[PDB]
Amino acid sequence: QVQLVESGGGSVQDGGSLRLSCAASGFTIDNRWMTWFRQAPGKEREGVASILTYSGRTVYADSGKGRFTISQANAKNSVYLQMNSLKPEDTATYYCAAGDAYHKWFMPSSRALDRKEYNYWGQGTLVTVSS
């Protein structure tokens, strides 16, 4: 069975930086969209960044634009989210999700940040940002 374990969260001050990791097991990072979401308490899960592992193509939500970077390390079977210029608004539990691996096909980028598309989610890591 598929498992996703996130790490690298923590408690920081306005302007700080963190690096999130997601270790996948039970499947390879290959040939699918891998995606970072976040969820404030009482709000819905929203997409922040995605990378198509086949090609390293990337999609970013407006909230992380110019601040966050998503990346992969195929050898480690992991993806990462570099988070810079954090702000109190970014305080959320951050989740790594694995897109489905279609055979010789990849779903359009327009749907990469939609939570409904994803069947595999990690526990999440908390990020807190002091004002």
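Start at 1 with the first residue shown and count on from there.
With 38-46 and 78-86 compared on mean CA B-factor from the PDB entry, the stretch scoring higher is 38-46. Higher mean CA B-factor, judged across 23-31 and 92-100 from the recorded values: 23-31.
When all modelled residues of the chain are sorted by CA temperature factor, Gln72 is found within the middle third.
Sort the chain's modelled residues by C-alpha temperature factor and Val5 lands in the highest third, per the entry. In the PDB entry, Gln123 places in the highest third of its chain by CA B-factor. When the CA B factors of the chain's modelled residues are split into thirds, the value for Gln13 lands in the highest one.
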